[PDB]
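Accompanying notes for the structure given below.
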Amino acid sequence: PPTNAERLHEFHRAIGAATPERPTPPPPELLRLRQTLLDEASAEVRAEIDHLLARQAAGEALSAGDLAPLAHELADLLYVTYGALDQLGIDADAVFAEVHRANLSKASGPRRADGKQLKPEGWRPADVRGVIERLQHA
Amino acid sequence: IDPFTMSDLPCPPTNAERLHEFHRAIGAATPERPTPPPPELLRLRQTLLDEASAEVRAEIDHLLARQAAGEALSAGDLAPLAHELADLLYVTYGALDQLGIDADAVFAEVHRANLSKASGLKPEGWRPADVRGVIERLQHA
Ligand SMILES: O=c1ccn([C@H]2C[C@H](O)[C@@H](COP(=O)(O)O)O2)c(=O)[nH]1
Ligand SMILES: [Mn+2]
Ligand SMILES: [Mn+2]
Ligand SMILES: [Mn+2]
């Protein structure tokens, strides 16, 4: 069963712009393009969250159906974020698994006042350099 | 499984299912089905999305500066950017998970529309992504 990362690979092949299979340093125009796509998708999510917060400040009780535009824009952001990893030739699932393992290890840490999970004493970061080296050879 | 099961090798978890595991582990809200959020949850999700976006941008800028000055970039030089892009995935999935919205279901519908459009400009009979229908269907699962 395909992953969302593999879906992006299929999409790029379908638009005739097949992407490398292994990590590949990109030309500058590729980085600038991916940055623009990330910024526009981030701005759409940001605007929608501000929009929902303003409705709540007005006293409206949101329903689940009110969440459809935000869910759509969040998925569009996933699309362009996976898309950036795919055009770099970087297996997003392998990097994500490393990041996830180093996030589960934060469970014993304290929380910030806004709810952000913080790092416990002694915590050590994900080793994404090692994942990249793993993907680069085989 | 039952006494007849002689092997059990499940499909690996999706990245969306990983966010559910993380939020369970840290005691954060992770509803099974779509759930309107308190404003405090929306504010946190915004903060994490802004923070992760800023970190990605910082790493893209570092790469552009190094290659501008002639540096030969190896695959290993992409590791900070890849880490920050994975963090951005993480908090984007994380917002969908805290809303009780199956990110894989929503992504699959966005992908269906995007992949369909690539076979056309739109092909005949093209249907845009119907995320509203996905959330309704998730409510009745
Ligand atoms: O409340 C939290 C705190 C951290 N993270 C994940 C997202 C990133 O992968 C990474 C960011 O953590 P910091 O490095 O900013 O502390 O942890 C969350 O998803 N929710
Ligand atoms: Mn969009
Ligand atoms: Mn980060
Ligand atoms: Mn951070």
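For the record, the sequence lines run as chains A and B. My numbering applies: residue 8 is where the first sequence begins, and numbers increase by one. My numbering applies: residue 16 is where the second sequence begins, and numbers increase by one. No residue lacks a Cβ here, since even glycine has one placed at the ideal position from N, Cα and C.
* Any beta-carbon of chain A closer than 7 angstroms to the one on B/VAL106? -> no
* Beta-carbon contacts of A/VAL135 that lie in its chain and below 8 angstroms, excluding the five residues immediately before and after -> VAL102, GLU105, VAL106
* Would you report the Cα separation of A/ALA21 and A/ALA65, rounded to the nearest angstrom? -> 45 angstroms
* Name the DSSP bridge partner or partners of A/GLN124? -> A/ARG118
* Please classify A/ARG119: is it buried, with 16 or more other beta-carbons within 10 angstroms of its beta-carbon, or exposed? => exposed
* Asked: For A/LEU60 versus B/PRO54, is the C-beta spacing smaller than 7 angstroms?
  -> Yes, the pair counts as a contact, with Cβ atoms nearer than the cut-off.
* Please report how far the alpha carbon of residue 6 of chain A lies from the alpha carbon of A/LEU81, in whole angstroms. => This structure leaves residue 6 of chain A out entirely; chain A is present only between 8 and 145.
* **Closest Cα partner of A/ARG29 within the set B/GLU66, B/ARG152, B/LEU93** => B/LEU93
* Measure the Cβ-Cβ separation of B/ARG60 and B/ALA110 and say whether it is below 7 angstroms. => yes
* Asked: Between A/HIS107 and chain B, is there a C-beta pair that is closer than 7 angstroms?
  -> yes
* Asked: Can you find a CB in chain D that lies within less than 7 angstroms of the CB of A/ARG136?
  -> As a matter of chain content, chain D is missing from the structure shown, whose protein chains are A and B.
* Asked: the segment 9-33 of chain A: which residues have C-beta closer than 9 angstroms to a C-beta of chain B, in chain order?
  -> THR10, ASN11, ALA12, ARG14, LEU15, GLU17, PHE18, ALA21, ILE22, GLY23, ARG29, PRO30, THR31, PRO32, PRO33
* May I ask you to report which of helix, strand or coil DSSP gives B/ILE16? => coil
* Asked: In chain B, which residues lie with their C-beta within 9 angstroms of the C-beta of A/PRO35?
  -> Scanning chain B for C-beta atoms nearer than 9 angstroms to the C-beta of A/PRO35 yields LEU78, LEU79, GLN82, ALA83, reported in chain order.
* List the residues of chain B whose Cβ lies closer than 8 angstroms to the Cβ of A/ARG53, in chain order. => Neighbours of A/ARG53 across chain B, judged by C-beta separation under 8 angstroms: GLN61, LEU64, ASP65.
* Reduced DSSP secondary structure (H/G/I, E/B, other) of B/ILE116 -> coil
* Applying a beta-carbon distance threshold of less than 7 angstroms, which residues of chain A neighbour B/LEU93? -> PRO30, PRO32, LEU95, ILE97, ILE139
* Asked: Taking the alpha-carbon positions, what's the A/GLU13 to A/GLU128 distance?
  -> 36 angstroms
* Is the shortest distance between the beta-carbon of A/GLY122 and the beta-carbons of chain B less than 7 angstroms? -> Chain B, which has a Cβ nearer than 7 angstroms to the Cβ of A/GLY122, makes this yes.
* **Around ligand 4, Cβ to any heavy atom closer than 6 angstroms, ordered along the chain** => B/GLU66, B/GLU70
* Going along the chain, which residues of its own chain have a beta-carbon closer than 7 angstroms to the beta-carbon of A/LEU142, five neighbours each way excluded? -> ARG29, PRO30, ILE97, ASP98, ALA101
* Could you check what DSSP says for A/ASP57 in three-state terms: helix, strand or coil? => helix
* If you draw a straight line from the C-alpha of A/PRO117 to the C-alpha of B/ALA69, how long is it? -> 24 angstroms
* **Continuous alpha helix (DSSP H) stretch holding A/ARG14: start and end** => Residue range 11-21 is occupied by the alpha helix (DSSP H) that includes A/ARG14.
* To do: Assign B/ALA67 to buried or exposed, taking buried as 16 or more other Cβ atoms, counted over all protein chains shown, within 10 Å of its Cβ.
  => buried
* To do: Alpha carbon to alpha carbon, how far is B/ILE150 from residue 5 of chain A? Give it in angstroms, no decimals.
  => Missing from the structure shown is residue 5 of chain A; chain A here goes from 8 to 145 and no further.
* To do: Could you tell me which of A/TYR86, A/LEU95, A/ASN11, A/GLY23 sits nearest to A/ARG39, measuring between CA atoms?
  => A/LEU95
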